[PDB]
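Here is my input, please return the structure:
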Amino acid sequence: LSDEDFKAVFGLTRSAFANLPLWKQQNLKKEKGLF
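Numbering: from 1, shown residues only. The relevant structure is shown in the block below.
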């Protein structure tokens, strides 16, 4: 997924995602079915 696609899926950029704690990233990926 490119940045725009990622933002379309997660509602935030990959940078904003990386700005999140890794457990939050885990939960988000698991939530959005991309784990």
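
okay but residue 3 is in contact with residue 17, surely?
No. Taking CB atoms under 8 Å as the definition, residue 3 is not a contact partner of residue 17, at 9.9 Å. From N, CA and C alone the C-beta is placed, and that goes for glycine too.

Who has more neighbours out of the two?
Taking neighbours as other CB atoms under 10 Å, residue 3 and residue 17 compare with residue 17 leading, 17 against 11.

Now the more buried one: which helix or strand?
Per DSSP states H and E, residue 17 falls inside helix 14-18.

list the helices and strands that helix packs on?
Applying 3 or more CB pairs under 8 Å, 6 or more residues apart in numbering; DSSP states H and E, one finds that helix 14-18 contacts helix 3-10, helix 22-31.

Name the residues of it that are buried.
Applying a neighbour-count criterion of 16 or more other CB atoms under 10 Å, one finds residue 17 buried in helix 14-18.

same thing with stretch 17-27?
Applying 16+ other CB under 10 Å to stretch 17-27 flags residue 17 as buried.

Repeat that for stretch 25-35.
residue 28.

ok now that stretch, how far from the chain's centre?
Centre-to-centre, stretch 25-35 and its host chain are 7 Å apart (CA atoms, centre = their mean, to the nearest Å).

who touches that stretch?
Among residues not part of stretch 25-35, those counted as contacts by CB atoms under 8 Å, 6 or more residues apart in numbering are 1, 9, 10, 17, 18, 20.

can those residues go into CSV with extra columns for distance to residue 33?
Listed next are the contacts of stretch 25-35 as CSV, based on distance: CB to CB, whole Å:
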residue, distance to residue 33
1, 12
9, 9
10, 11
17, 15
18, 20
20, 18
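
I'd like to know how many residues surround residue 10.
19.

wait, doesn't it sit right on residue 17?
Yes. With contacts counted by CB under 8 Å, residue 10 reaches residue 17, the gap being 6.0 Å.
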